[PDB]
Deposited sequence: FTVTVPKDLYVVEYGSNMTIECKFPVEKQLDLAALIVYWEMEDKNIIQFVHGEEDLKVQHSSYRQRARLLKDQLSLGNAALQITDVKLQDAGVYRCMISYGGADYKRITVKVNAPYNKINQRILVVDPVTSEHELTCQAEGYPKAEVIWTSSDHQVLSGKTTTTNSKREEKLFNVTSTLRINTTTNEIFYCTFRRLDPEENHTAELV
């Protein structure tokens, strides 16, 4: 009896859903009367499904309706935890213990990767006489990020970056510049600790 796992680490976007699998051997038809399937995170019970019955009374309230075992797929020796709207507490080491004739357990790691992927952008004509414009970029993700402004010359411009927040960071950057029409500037969000450089273009 040997429980296995396709991926040992899941890297999943904040808010996007998640399914982490745990396989186990099923030679004949599955006998739900003798199956036990237990998912736990850290200091947290996620699934306790034993003898056909998913025990809803032990599941942590912070999973109490976001998570569920894909019961259809157990008949395929596949114990799948699914988790809707992956938040920031959902990151960490999970464990899946299965018991069906034998017993095994495996651990899975889940990072909730929040790259600053949805960059918002605004350009404001502060002053039509002096052509003073205000170019903004606003994105959100878990490792804090700096913002680098560059004109089309790829010279580095100086902008104002304000970082705020539970564990996800919101980074708004603004660049006041005297610029003409059709000129291109570039807001890059260096996600620092994980190098996930993303450059949005403002025209």
property: Sequence ranges without modelled C-alpha atoms (deposited numbering); result: 166-169
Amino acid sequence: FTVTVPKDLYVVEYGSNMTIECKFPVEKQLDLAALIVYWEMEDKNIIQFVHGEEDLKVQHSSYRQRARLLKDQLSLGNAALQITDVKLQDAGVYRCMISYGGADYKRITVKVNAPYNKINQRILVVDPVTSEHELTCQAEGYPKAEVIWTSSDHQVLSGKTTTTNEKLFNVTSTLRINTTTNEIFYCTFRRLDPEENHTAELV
From here on, numbers count along this sequence of modelled residues.
item	value
106-114 versus 126-134 - which carries the larger mean C-alpha B factor in the record	126-134
Mean temperature factor over C-alpha atoms, higher-scoring stretch between 181-189 and 8-16	181-189
Residue of maximum C-alpha B factor among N45, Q65, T150, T163, per deposited coordinates	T150
Of the residues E140, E27, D55, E40, the one carrying the largest Cα B-factor as recorded	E27
Lowest, middle or highest third - CA B-factor, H154	highest
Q59 - which third its CA temperature factor falls in, relative to the rest of the chain	lowest
Modelled-residue ranking by C-alpha temperature factor, third containing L175	highest
B-factor third for the C-alpha atom of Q89 within its chain	middle
Modelled-residue ranking by C-alpha temperature factor, third containing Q82	lowest
